[PDB]
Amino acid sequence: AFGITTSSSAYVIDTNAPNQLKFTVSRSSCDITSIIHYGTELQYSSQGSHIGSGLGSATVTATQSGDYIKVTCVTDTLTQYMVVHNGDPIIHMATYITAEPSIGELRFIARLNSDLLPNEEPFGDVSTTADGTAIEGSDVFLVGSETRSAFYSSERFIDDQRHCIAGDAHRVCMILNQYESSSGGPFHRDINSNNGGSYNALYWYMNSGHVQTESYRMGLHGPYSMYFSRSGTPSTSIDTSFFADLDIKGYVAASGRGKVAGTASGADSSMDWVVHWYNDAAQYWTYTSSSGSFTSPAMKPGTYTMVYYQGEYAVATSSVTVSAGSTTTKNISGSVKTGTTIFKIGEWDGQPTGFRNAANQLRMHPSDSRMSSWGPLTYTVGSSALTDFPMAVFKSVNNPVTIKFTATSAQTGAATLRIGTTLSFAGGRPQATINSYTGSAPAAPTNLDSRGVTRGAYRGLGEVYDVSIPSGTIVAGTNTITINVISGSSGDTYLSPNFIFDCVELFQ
């Protein structure tokens, strides 16, 4: 029967789902300590499923409102909610914070039976670290000769509405339709799953210090929903609007939200376009249609910074105000401006897309034997393919990058060498030499204090470095550009100072 069973130690919640879903919540800790799906225990027996590494102690209550049951767990600065609807095999959740947890990240982890749920979806075993030996920190491993990490399960949040773990008789999915309280914008990615050897972990990292570019946001995180299937795969269309009737701290219902709608224009139409709104309270985003039209998700009222990207490259920024129950009409327009191009390596998309090892890097470590050589490599304009240009340069692996190009007599005037990047590590930034002319040494970028290129990530502050080349420095015939990564810091191999490339363009 749909309902709550009360004992001194626990509430047992029965969803009355057709294929059976019951779970046990500790009244002392709020840990989920048992999950029974289709007659089978799925919860790891030695450690609970919970926020963080457990709330430890919480004040727990459970109540039924019609066809809904709500479990509430209160701690000093965090309240955790679990909500179920009669007939649905889903644990809906939301997490209300008034301070960031002491660990400096906010996550939910389901620790589930890895014999029953060995697989990770959609990326497969690249985040399976079971039987692995650590090669970096305690989070990148060698399993046989293949590099593995929880991080290689990651996906851009704008594209991460569903991720799962599964076996041949059960599947468990996170369905994530509300990232408004997360940090780092639409292109932030984070750990999604990890079969680590004792259990298979399924996560939602609401926020973290993993290549974090923004401050944390307080308030209600989610809703998020954990769906239990036999062999089906659930749709991401899951109504959670019933949260409006359950006195959920921080919950702002549809009626309390407005929207922004309009058309973006001017950017590179061969790229996907994204519009992004943010302020200290909330962040939102949407893809535009091919015509540039967009409508934001339902937004909390307030004033927001509004950004228009082609790929992940920002072409315009504006400001807009939203009020409840109304649509603010707001267009946005811009384009990437350079000049008359002598050569261009890559595209202005805020990514290392097309470069050597870029596709591999999302799903394996740079030391993996399956990576192509990092270099030093010499890219000759007009002969080399883009996959011969390294996606990143590391002070102590493949420094420097050399570019050879031919110029005509009509191209020997003044020019600008533009070195666009995505993400730095340990102070890495470029210093360029063009023939016998040496550009100034830029200052160190802002330190994000996080590994990234070794953990399947590339979305940083997108620093761009221009070098002014005087007329008569380019010569008719062959020319040589050397890009060195400079930094006062040091490191072993891929932890040496480094940056990931976006695009290198020489224009007049």
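One-based numbering along the sequence shown.
Comparing 293 to 301 with 186 to 194, the stretch with the higher mean C-alpha B-factor in the PDB entry is 293 to 301. A summary of the deposited B-factors shows that, of 3 to 11 and 498 to 506, the stretch with the larger mean C-alpha value is 3 to 11. The PDB entry gives the largest Cα B-factor of the residues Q351, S181, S326, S153 to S326. The PDB entry gives the largest Cα B-factor of the residues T341, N113, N357, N177 to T341.
Among all modelled residues in its chain, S369 ranks in the middle third by Cα B-factor. Compared with the other modelled residues of the chain, the Cα B-factor recorded for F242 ranks in the middle third. Remark: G137 belongs to the highest third of its chain, ranked by C-alpha B-factor as recorded. In the PDB entry, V467 places in the highest third of its chain by CA B-factor.
The entry lists a Cα temperature factor for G413 that places it in the highest third of the chain's modelled residues.
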